[PDB]
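Chains as they are written, first to last, in UniProt numbering: chain A, 1 to 35; chain B, 1 to 394, 402 to 549; chain C, 1347 to 1394; chain D, 962 to 1058; chain E, 2 to 210.
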Amino acid sequence: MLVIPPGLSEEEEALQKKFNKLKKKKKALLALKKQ
Amino acid sequence: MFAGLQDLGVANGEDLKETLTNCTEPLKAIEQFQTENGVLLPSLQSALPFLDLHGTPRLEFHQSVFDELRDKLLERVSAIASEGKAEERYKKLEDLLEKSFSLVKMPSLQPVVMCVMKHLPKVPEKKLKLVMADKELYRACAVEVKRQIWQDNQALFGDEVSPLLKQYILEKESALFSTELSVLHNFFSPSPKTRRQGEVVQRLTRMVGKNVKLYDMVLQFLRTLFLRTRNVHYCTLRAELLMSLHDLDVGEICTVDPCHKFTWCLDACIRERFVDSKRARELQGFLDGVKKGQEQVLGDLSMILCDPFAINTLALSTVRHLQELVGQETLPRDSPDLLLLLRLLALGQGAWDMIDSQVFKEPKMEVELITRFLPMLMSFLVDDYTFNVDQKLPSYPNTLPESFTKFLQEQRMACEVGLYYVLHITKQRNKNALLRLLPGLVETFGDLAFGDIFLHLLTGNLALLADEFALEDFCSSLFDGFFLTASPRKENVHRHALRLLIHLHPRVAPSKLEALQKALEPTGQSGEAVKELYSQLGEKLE
Amino acid sequence: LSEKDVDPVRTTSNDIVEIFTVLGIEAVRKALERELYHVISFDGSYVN
Amino acid sequence: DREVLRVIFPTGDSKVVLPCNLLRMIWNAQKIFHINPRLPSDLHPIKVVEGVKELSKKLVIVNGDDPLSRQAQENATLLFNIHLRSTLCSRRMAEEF
Amino acid sequence: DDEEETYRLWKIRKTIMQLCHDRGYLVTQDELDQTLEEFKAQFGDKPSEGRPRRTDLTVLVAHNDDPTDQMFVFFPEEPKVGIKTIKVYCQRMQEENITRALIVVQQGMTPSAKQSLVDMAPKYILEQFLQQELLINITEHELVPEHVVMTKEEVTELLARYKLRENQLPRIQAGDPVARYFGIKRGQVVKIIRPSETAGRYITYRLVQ
């Protein structure tokens, strides 16, 4: 079995931050469009 | 023309001349030879005066009778091949063959010998060896005799196969270097069934036939030549031959092919152009189904996984899977199917390494790739989505992290994945993403970006960006970052760049057109195709 | 028409509103022409 | 033209309505010019073919040289042209009429 | 059930392939006339909670003339498609530069969803289709004559030749099943070919309105 370190790297933290920011932007955009 | 007649007692022209030379009265000897030794039938002797009377000599109807008896013999033996007791009649045909092997050298009866040899399922080995010694006898022999000959003749079989392999290479390099830079028609555009129906593949399927040893030896020759020349087309030819034999239901070959399930599944994935989860699990089970002591089979598996069609299908499936993960916002470590696809593609890449190194075990895959490089691709896609939302919300993120560049320039796996991601984002006609990842395209590991396949694919994808090719700055950046890095050095990159320029010459501005025509001037030490492209561009531009 | 073993080509409906809703405006025109021809030529008469 | 007819007319209904009664005109010509349908005649088949081809030009419904107009004219007189070519054949003009 | 539902899905897929082929989209010959057996062997032959579950047979097809123009064909699982599903399909279409979709619903989609669908028309073109209407191909019915969609150039040529304004042509409404089958919009003229028992062949024209 390959060794997969669960520890978050800078790449994974950046990906999670971009995920969250995209979530906020999508929610704001959908709120604007729904009006 | 009449050699070998003396063995059976039928005098030929040599002895006839040698006898008439020292005979004073040839007439009586000739008469006794044509009557007694010839057709001893009173009816023919009575017919002779009438045929003299017509003025048509005995020559013509004697020749007609000889030819019709030859035809009757061949047709009768053709019926004999399917009537009577099999073994007894086969032995009778063998007896006829051993009688007529003395007359095989005389062409007026040689078709009888070749027809008998064709009808007999197994010609005696000495006769086969004597036939192989002469080119005319070999070529005149039917496919059955060729099959019997090739089973024991390693060098002859390889030599006969070689021109077909050369023709396959020639047509493959004519397709990879074709001026039709269209999306609907690329190197992988035809379906696998159509490609296996090509002249070379069908000829190979016919000539290999239903012989296990011949098929195995063809496979081994393909493996050796692929190892020698590093030419990926030979793995494709092996897969095509096996799949064509499977389509024609050659059980003796499908049974002896251990990768039959795996190769059939890969062919199905290529035909459907997407490796689904079910087929991926099937492939994983087949790969893990190789028991201990049979690691050599793994090598064959790897050779199938290095197929350019399979490589392209797996790469596209992995890219789309990563995009689906981004849509699911899933970290790459969390997808076992992604890991399976990465393992499959790494095995395809390392097929040659495993074949040469003889260590029949799957190469280890370092985890920094999945943990860091793939999150960069996901982050680039998320940045694209964020910019799109901001456009819909009340500049473009083009910053390139150093980790992504390092992994693209050092990891062959990351190199290929990023290259196919570039192809995908270019297919969307997205200039901004292309220019963002162009600094990554500047340097790549293994020079896989400089391969013929990837250059052709990139030209086909960029064919949709004529409007952006109307911009001088975009063309300059694209050529400097990727093309001018290897086109002055590599002939293939130069040829593909000139193909792209020729296909998109009128969109390019005159200044950048002159820049491309001048900086990419053909050299004498390069191939003639580059000069032909330059001449074509010169003719068409004015 | 969706039923299996039922011919989806030669199956008519004898009703023009439903044919208009299902098949179209040219199909309803053809069906109306056929219905008129039948109802006029049933008695044996002929109209151009 | 036979294939086209079998496409347009299912159920094998060979009764149609057309302007000119070609058979009756042929009969009238036979009676007017005293054909005597027993001796060989003087009528080159190429004359029949050329006459039919030139006659098809004159019978016009849609007037114009536009490709659209040409197609409309060809469609309008399609059935009559098929009937005329099936009646004024080279063989029939020499074996039956 | 499973076998009858498999047959229904295969028939619907064949109808959709024929529809895409008629609109000029690049459809391979094999998938156009694929019988039931290869469909069973390709998708799983167990639609009820199995391998050929929906959103797996959705198809993306590129136009033959221009590879840059494509269409999605979606098969939502829910019988009554609501605003959430159409919104997520629109969001999926957002990531691509193609704005043509074809939704195959199983029952009447909600009125709010229809309002959103007709609102997003100028940027995102998409049409609904009840699965009942796709169990057959109405174009093969004998009552339906030949329909051809004409380019704007030949429409102008027609209007110039007959010297008539476009409002003088016979009309066809956008809700016509054939019009929805061909995906034609208002202001577009359709040539119709019929076999005429008096002339041999009649070509008429209909304006979408």
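We put the CB at the ideal spot given by N, CA and C, even for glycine.
In angstroms, rounded to a whole number, what distance separates the CA positions of residue i and residue j?
i                : j                 : result
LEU2 (chain A)   : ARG343 (chain B)  : 11 Å
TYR427 (chain B) : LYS135 (chain B)  : 51 Å
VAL74 (chain E)  : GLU549 (chain B)  : 46 Å
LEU222 (chain B) : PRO192 (chain B)  : 19 Å
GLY453 (chain B) : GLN349 (chain B)  : 11 Å
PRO171 (chain E) : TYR1392 (chain C) : 29 Å
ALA47 (chain B)  : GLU199 (chain B)  : 54 Å
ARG101 (chain E) : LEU1020 (chain D) : 49 Å
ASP480 (chain B) : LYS438 (chain B)  : 12 Å
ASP383 (chain B) : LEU441 (chain B)  : 13 Å
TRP352 (chain B) : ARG281 (chain B)  : 24 Å
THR330 (chain B) : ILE355 (chain B)  : 36 Å
Determine the chain E residues that contact residue i at a beta-carbon separation under 7 Å, and present them in chain order.
i                 : result
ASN1036 (chain D) : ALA200, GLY201, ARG202, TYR203, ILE204
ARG436 (chain B)  : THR69, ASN98
Anyone know if the C-beta pair for residue i and residue j falls short of 7 Å?
i                 : j                 : result
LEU164 (chain B)  : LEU204 (chain B)  : yes
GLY447 (chain B)  : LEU478 (chain B)  : no
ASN138 (chain E)  : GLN35 (chain E)   : no
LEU1347 (chain C) : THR1358 (chain C) : no
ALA310 (chain B)  : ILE370 (chain B)  : no
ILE1043 (chain D) : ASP974 (chain D)  : no
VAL429 (chain B)  : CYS482 (chain B)  : no
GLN1032 (chain D) : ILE1022 (chain D) : no
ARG279 (chain B)  : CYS265 (chain B)  : yes
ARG139 (chain B)  : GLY209 (chain B)  : no
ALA239 (chain B)  : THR255 (chain B)  : no
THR7 (chain E)    : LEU135 (chain E)  : no
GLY467 (chain B)  : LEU181 (chain B)  : yes
Taking the continuous beta strand (DSSP E) assigned at residue i, which residues delimit it?
i                 : result
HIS148 (chain E)  : 147 to 150
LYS1014 (chain D) : Note, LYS1014 (chain D): premise wrong, no beta strand (DSSP E); alpha helix (DSSP H) at 1006 to 1019.
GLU366 (chain B)  : Element bounds for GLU366 (chain B): n/a, residue is neither H nor E.
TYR206 (chain E)  : 203 to 209
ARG195 (chain E)  : 190 to 195
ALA63 (chain E)   : 60 to 63
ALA102 (chain E)  : 101 to 106
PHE73 (chain E)   : 71 to 75
Closer than 9 Å by beta-carbon distance: list the chain B residues that pair up with residue i, in chain order.
i               : result
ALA14 (chain A) : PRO375, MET376, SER379, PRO408
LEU58 (chain E) : Within chain B, no residue comes near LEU58 (chain E); the closest Cβ sits about 11 Å away, beyond 9 Å.
Can you round the beta-carbon distance between residue i and residue j to whole angstroms, since I take them to be within the 8 Å contact cut?
i                : j                : result
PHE101 (chain B) : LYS127 (chain B) : 6 Å
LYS25 (chain A)  : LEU325 (chain B) : Actually they do not touch by this definition, with Cβ atoms about 19 Å apart.
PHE360 (chain B) : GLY299 (chain B) : 6 Å
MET117 (chain B) : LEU97 (chain B)  : 6 Å
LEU544 (chain B) : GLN524 (chain B) : 7 Å
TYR206 (chain E) : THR140 (chain E) : Their Cβ separation, rounded to whole angstroms, is 18 Å, which puts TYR206 (chain E) and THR140 (chain E) out of contact at 8 Å.
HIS501 (chain B) : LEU527 (chain B) : 6 Å
Which chain D residues sit within Cβ distance under 7 Å of residue i?
i                : result
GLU158 (chain E) : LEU1029
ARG187 (chain E) : Chain D residues near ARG187 (chain E): none, gap ~24 Å exceeds 7 Å.
Hey, quick one: how far does the alpha helix (DSSP H) through residue i stretch, first residue to last?
i                 : result
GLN328 (chain B)  : Element bounds for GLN328 (chain B): n/a, residue is neither H nor E.
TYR125 (chain E)  : First-last for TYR125 (chain E): undefined, no H or E at that position.
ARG223 (chain B)  : 212 to 229
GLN169 (chain E)  : That residue, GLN169 (chain E), is in no alpha helix (DSSP H); it is neither H nor E in DSSP.
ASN997 (chain D)  : Looking at the DSSP string, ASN997 (chain D) is not in any alpha helix (DSSP H), and its letter there is neither H nor E.
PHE486 (chain B)  : Note, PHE486 (chain B): premise wrong, no alpha helix (DSSP H); not H, not E.
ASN153 (chain B)  : Neither: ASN153 (chain B) is in no alpha helix (DSSP H) and is coded neither H nor E.
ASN1036 (chain D) : 1028 to 1037
Which residues in chain A sit within 8 Å of residue i, going by Cβ to Cβ distance?
i                : result
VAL500 (chain B) : Those within 8 Å of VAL500 (chain B) in chain A number zero; the least Cβ separation is about 31 Å.
List the residues of chain B whose Cβ lies closer than 7 Å to the Cβ of residue i, in chain order.
i                : result
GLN95 (chain E)  : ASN388
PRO178 (chain E) : By Cβ distance, chain B contributes nothing, its closest Cβ being about 31 Å from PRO178 (chain E), past 7 Å.
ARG52 (chain E)  : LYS278
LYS21 (chain A)  : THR386
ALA28 (chain A)  : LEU393
Give the residues of chain C in contact with residue i, contact being defined as C-beta atoms less than 8 Å apart.
i                : result
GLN133 (chain E) : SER1348
Run down chain E in chain order and give the residues with a C-beta less than 9 Å from the C-beta of residue i.
i                : result
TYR385 (chain B) : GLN95, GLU96
Identify the contact partners of residue i in chain E, using a Cβ-Cβ distance below 8 Å as the criterion.
i                 : result
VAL1393 (chain C) : Those within 8 Å of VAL1393 (chain C) in chain E number zero; the least Cβ separation is about 13 Å.
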